[PDB]
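A quick write-up on the structure given underneath.
Every residue, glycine as well, gets a Cβ built from its backbone with ideal geometry; the counts of neighbours run over all protein chains shown. Quick note: the coordinates plus some simple rules give every number you see, no bench work behind them.
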Amino acid sequence: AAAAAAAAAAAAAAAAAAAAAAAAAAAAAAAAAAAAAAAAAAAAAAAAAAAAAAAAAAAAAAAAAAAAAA
Amino acid sequence: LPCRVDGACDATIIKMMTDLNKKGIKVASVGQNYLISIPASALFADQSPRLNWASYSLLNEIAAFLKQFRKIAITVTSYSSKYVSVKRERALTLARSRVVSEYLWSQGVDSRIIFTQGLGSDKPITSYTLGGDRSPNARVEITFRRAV
Amino acid sequence: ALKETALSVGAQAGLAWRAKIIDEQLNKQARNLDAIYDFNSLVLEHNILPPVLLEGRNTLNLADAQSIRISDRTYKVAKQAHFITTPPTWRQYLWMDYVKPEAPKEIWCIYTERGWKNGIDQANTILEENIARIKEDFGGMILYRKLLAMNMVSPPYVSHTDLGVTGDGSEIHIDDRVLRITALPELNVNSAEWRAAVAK
Amino acid sequence: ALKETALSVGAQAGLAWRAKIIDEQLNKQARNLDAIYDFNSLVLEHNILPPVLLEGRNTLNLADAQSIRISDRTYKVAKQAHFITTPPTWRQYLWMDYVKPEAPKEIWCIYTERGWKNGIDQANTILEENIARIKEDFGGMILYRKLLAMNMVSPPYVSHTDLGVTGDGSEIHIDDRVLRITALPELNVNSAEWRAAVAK
Amino acid sequence: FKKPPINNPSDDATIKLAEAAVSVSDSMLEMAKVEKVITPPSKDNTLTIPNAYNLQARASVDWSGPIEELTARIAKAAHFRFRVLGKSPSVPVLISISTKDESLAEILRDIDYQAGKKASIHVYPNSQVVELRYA
Amino acid sequence: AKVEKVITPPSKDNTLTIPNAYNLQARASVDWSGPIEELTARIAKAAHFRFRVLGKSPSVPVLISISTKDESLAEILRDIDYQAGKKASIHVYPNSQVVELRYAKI
Amino acid sequence: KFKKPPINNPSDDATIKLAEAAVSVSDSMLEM
Amino acid sequence: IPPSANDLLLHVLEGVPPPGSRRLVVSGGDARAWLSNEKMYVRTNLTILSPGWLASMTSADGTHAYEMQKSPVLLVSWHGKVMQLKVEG
Amino acid sequence: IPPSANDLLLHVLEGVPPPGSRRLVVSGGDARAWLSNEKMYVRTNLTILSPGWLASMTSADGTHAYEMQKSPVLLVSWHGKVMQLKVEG
Amino acid sequence: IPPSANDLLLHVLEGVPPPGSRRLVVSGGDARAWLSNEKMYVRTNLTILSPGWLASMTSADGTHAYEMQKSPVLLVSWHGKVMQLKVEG
């Protein structure tokens, strides 16, 4: 975690963790600016998986068939 | 899962920060404004816009130190002591800073802008004016603000 | 039969693995693909997404034994121009879907390798159609800007009905501009005002 | 499944513990929050609680493919001005509820820690919406006092029908003043008498 | 010793992808060259900053609405007279100024700009009058 | 691009309206994909130009995406002006020190 | 040894978002 | 005549959720998202780029509020960086 | 009056399949084939010789798109060489 | 025309409960509270601040009597101190 500066003093929300020297590089909350650039989901960047289906194919909520996840 | 560390650790930040201050590249750390100050003896040849080959290792832990922070704009600005004129001097320091920022975005920064410029001893940090690139005035400085 | 379900085990694992490899292979070229598929500076003056025109040169249809129709060029307006808020990226068109499949002798091993390459090249055909769809859509907008220069289509005619302060006393909107598209971009058949692409 | 009910044991205990910690963390800043959310000296002349105005600048609605509406600013009157007896504190808006839950291996321990942080940040989102609601309500009253200066709303028009001694002989009320609100505070659309916030 | 670039095209397909990237990015630029039409600053039609010492007072405005009221108060904040010439239409011409410190003549510059051609602003600084015409 | 630049000739540049300056001849390298005004505010901050805005910025953002390496700040502002075609324009007044972003009338 | 100057007490999330609300209501207040 | 905006964008221009909602957790960026009736609403100060929104407002301090259809990933610009945000629900 | 062409040849003049299709794998040559409704469509730049096609278009770069009935073998010319392509489906 | 007050505030301006009531115990302050019909009535000489009351009277000696809805906590001022009172029922 916040290693060798000191121990982690606070955990500043809308930020990362706050070490007892400076601001750390370890993310405190879920809602910090963590560099997500590769998602992992069925029918991401179209609309989400329309959950009511029970068949072979996986249909998105924008009515595309997720053929990469069927 | 979301990531805890962003490809960096604080122990490695202060490990590079002690090692750069031991090799004489002085890291000032004010707020989130970070300054690394590099003497122009430690990178280039004298009154030249040309790197030495061994000084890219010095640029290696400069760039691997610049891996560690989330940053928006690095500005790199260079200035040396007087050699012929201020016009020749400002051409030298502009070429000087643009060469070291060309290597720094050849290497890894996650900066969105590197601004890069040179000045004609217009901001000198000591009044003692010994010589050329062996002056402690003759330096490049890499300043940025660490974002969040 | 066990050999067949060994192939079916290998197929979806090869598909998801190939999907993974080309997802960060896409993300390695992320700024390059924003340069290629730059829809952002292809939009029109009132942030209107341009329509996708399709060119087909030198066309024959054999209708029956008695008759053919040739035409020299065919331009089709597909998925007509419309008000876009934020322009499309390449990531709606190119990103294949990553799920991590958690569902698991000698004939099993050789057909899970042939299932593995079947999943790999079937993911390759999905990616090939994704590149095909973005090349259709983007080059259709490019084909508009050719024909908008070349006077074979109309530009869209917007109308901004400006309104002043609007509403009752529980709700006001101060500068209330309603923007409509009246005339859609649309190929003219009155063909004497056309242009021709002569350069030097 | 036992792991799932271990998580569900840890959730409500973490919620109630986080509720406790932020309750006396609120009570440590009790006079500071009376300074921040001072509704008491925001009320009007006849102890009328001011209404909550909502500002939304620079608004688009994409209605369909054919039409958008932009407006530059939107002011909404939400939960209109009314006779308050005693002004609201922050404690109706911010105080989360403390009950002490008296309802109780290795997988149990690790998922009661992940249940414990799930209860902690779910109590944090409840507190975040509580702060959000008081910031809406208070800054809406502040946005009134802006627009009451800035002539975009009416002030409320009270009417005091004074009555003298009132009743039969079994019951008298001596100085019997009936106070009504006739005109509610209300955004004017006749917009030429508006103001503009120019300072130095 | 130095290094190649990290996200370098040092691969025989990624080179063709990135030479295509610089070809479409500059072909995007010469597109933006041919349709981006300017007006010269000799013929820009907008206001120029009228360099009077009352107009270089630092001010602070948050508003949207009908132009005459900001220009009336920007005149009496500037200690200037305010004249109007022309007829205000029934739909008023609506501005939006939101700065929390910016100088006063530049507040007249972006009201002249957000007026555009429905109205415009002249300043005569020797007489100390600002003025708003219609069309 | 070939048929467009022949069927209307580009009449003029934008170096008439963004002229270069000593302290605008500092250089930068930039990848960028956000809205225009925060990038331009950073350009003018490191140019030591006061940055100002004419016109209210529209409801959809004016998005530019500049990806480049080592040119001058004047040509960065020029390519920013171009990639915001007919939605904004950069003006620079170099006898003053002001970079301006002008939004459009629509 | 490297240290930034203000090493205060450990705050918590409640006073973090109370302060973040409090500054915007102070700004709204101020401008009114 | 189109509708003006949604007036519930005034509420999600503040931090307060719409009445009768479902919370959506947002990862990898400073945004809050709620789902009222097959539409999510995002309070952010980032700039959403890819999946397209139906309505938008912006407060005094540059906070925006967006009405959009439910997409499980949001793409924003943070400060010129293209960024991803991930929503569950 | 005959029909003009099929307008879906514009789509298979690009690489994109027709909506509601079945993919056909093509061996022994650079072509892609889809089957929409008892008719296959071939994107190629080769020249199909033996089994006869019902409709054809050609793009700017010499890519052709052919509507034809389903035949399990295609005969093309590649560069004067008579060549065979084999389709499954 | 509104009603005047409740005339049963005259009774709870004295110490006497309303006819047909339920007693409410009050902790942490000098007040007495009764619940007549989904409304509580408080005899105090403190000043109730937070939850808001519907009617009030005051006797000769500064004793007040309040009609209000049933809230399980009362916030008063005692002598400038913000104070809490707790009622069961």
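Key figures
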{"item": "Counting DSSP beta bridges with both ends in the protein assembly as shown, the antiparallel % (nearest 5)", "result": "90"}
{"item": "Cα-centre dipole for the protein assembly as shown with unit charges at Cβ (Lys and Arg positive, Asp and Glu negative), debye to 20", "result": "3340"}
{"item": "Separation between Cα centres of the stretch F:16-84 and the stretch D:140-191, rounded to whole Å", "result": "54"}
{"item": "Calculated label separations, I:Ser50, copies of the chain, 7 Å along the beta-carbon direction, nm", "result": "4.6, 9.0"}
{"item": "Förster radius 56 Å - calculated FRET efficiency between C:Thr182 and C:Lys28 (Cβ-Cβ, nearest 0.05)", "result": "0.80"}
{"item": "The protein assembly as shown - mean residue ellipticity at 222 nm from DSSP helices (-39,500 (n - 2.57) per run, n ≥ 4, rounded to 500)", "result": "-8500 deg cm²/dmol"}
{"item": "Euclidean distance between Cα centres, the stretch D:23-66 to the stretch D:89-137, Å", "result": "23"}
{"item": "Relative exposure of E:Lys36, C:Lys105, D:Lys28, judged by other C-beta atoms within 10 Å (fewest first)", "result": "C:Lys105, D:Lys28, E:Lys36"}
{"item": "Expected-Rg normalisation [2.2 N^0.38 Å, Cα atoms] applied to chain C", "result": "1.51"}
{"item": "Copies compared at C:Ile107 - label distances in nm, ascending, label defined 7 Å from Cα in the Cβ direction", "result": "3.6"}
{"item": "Net charge of Cβ neighbours under 15 Å - reference I:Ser50; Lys, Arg +1; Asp, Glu -1", "result": "+3"}
{"item": "Paramagnetic reach from D:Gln66 (point 7 Å along Cα→Cβ, amide N under 16 Å) across the stretch C:145-169", "result": "C:157-161"}
{"item": "Straight-distance crosslink candidates among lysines, where the alpha carbon sits under 19 Å from E:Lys118 and sequence neighbours closer than 8 are dropped", "result": "E:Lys43, E:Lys87, F:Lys56, F:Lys105"}
{"item": "Acute angle (nearest 10 degrees) that the helix E:14-35 long axis makes with the longest principal axis of chain E, alpha-carbon atoms", "result": "30"}
{"item": "Residue exposure sequence - J:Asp61, D:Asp162, F:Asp79 - by fewest surrounding Cβ within 10 Å", "result": "J:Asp61, D:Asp162, F:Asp79"}
{"item": "Highest-MSF residue in chain H out of H:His64, H:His11, H:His79 [GNM, Cα springs under 10 Å]", "result": "H:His79"}
{"item": "Under Karplus coefficients 6.51, -1.76 and 1.60, residue-wise ³J(HN,Hα) of the stretch H:21-37 in Hz, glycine/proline x", "result": "10, 10, 6, 10, 7, 10, 10, x, x, 7, 8, 10, 9, 10, 10, 8, 8"}
{"item": "Kirkwood Rh and Cα Rg combined as Rg over Rh, evaluated for chain F", "result": "0.97"}
{"item": "Rough spin-label spacing in nm, given labels placed 7 Å along Cα→Cβ, for E:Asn8 and F:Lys45", "result": "3.3"}
{"item": "Pairs of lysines in chain B (C-alpha under 18 Å apart; 8 or more residues apart or interchain)", "result": "7"}
{"item": "Label-point separation, J:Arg23 to B:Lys15 (7 Å along Cα→Cβ), nm", "result": "7.3"}
{"item": "Qualifying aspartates and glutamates (Cα of each under 13 Å from Cα of J:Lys39; at least 8 residues distant if same chain)", "result": "J:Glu67"}
{"item": "Check: the stretch D:1-119 dipole with +1 on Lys, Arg Cβ and -1 on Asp, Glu Cβ, in debye", "result": "180"}
{"item": "The stretch J:2-89: GluC sites (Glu not before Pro) falling in loop per DSSP and having at most 12 other Cβ within 10 Å", "result": "J:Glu14, J:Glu38"}
{"item": "Angle in degrees between helix E:68-77 and the longest Cα principal axis of chain E, rounded to the nearest 10", "result": "80"}
{"item": "Angle in degrees between helix B:86-106 and the longest Cα principal axis of chain B, rounded to the nearest 10", "result": "20"}
{"item": "Chain H: most fluctuating residue of H:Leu54, H:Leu74, H:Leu13 per GNM, C-alpha cutoff 10 Å", "result": "H:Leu54"}
{"item": "Principal axis box of the stretch E:1-114, alpha-carbon based, largest edge first, Å", "result": "71, 37, 28"}
{"item": "Amide proton proximity set for C:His82, modelled H, under 5 Å, gap of 5+", "result": "C:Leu49"}
{"item": "Loop GluC sites (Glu not before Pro), the stretch D:142-195, which have at most 15 other Cβ atoms in a 10 Å radius of their Cβ (DSSP)", "result": "D:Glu171"}
{"item": "Partners for F:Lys69 among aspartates and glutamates (Cα-Cα distance below 18 Å; same-chain residues under 8 apart left out)", "result": "B:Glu102, B:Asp110, C:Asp34, E:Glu19, E:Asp26, F:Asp31, F:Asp79, F:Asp81"}
{"item": "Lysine pair number, Cα distance threshold 15 Å (strictly under), chain C, separation 8 or more or different chains", "result": "6"}
{"item": "Environment charge of A:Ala23, counting only residues whose C-beta is closer than 14 Å and scoring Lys/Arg +1, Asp/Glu -1", "result": "+4"}
{"item": "Net charge of neighbours whose Cβ lies under 9 Å from the Cβ of H:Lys70, counting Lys and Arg as +1 and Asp and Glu as -1", "result": "0"}
{"item": "Viscosity 1.567 mPa s, 4 °C: Kirkwood-radius Stokes-Einstein D of the stretch H:6-87 over Cα pairs, µm²/s", "result": "105"}
{"item": "The stretch B:1-140: Rg to Rh, with Rh as the Kirkwood radius over Cα pairs", "result": "0.99"}
{"item": "Descending semi-axes in Å of the protein assembly as shown, equivalent ellipsoid built from Cα gyration tensor", "result": "57, 40, 37"}
{"item": "Sparse-neighbour loop sites [trypsin sites (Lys or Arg not before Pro); chain J; at most 12 other C-beta within 10 Å; DSSP]", "result": "J:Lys81"}
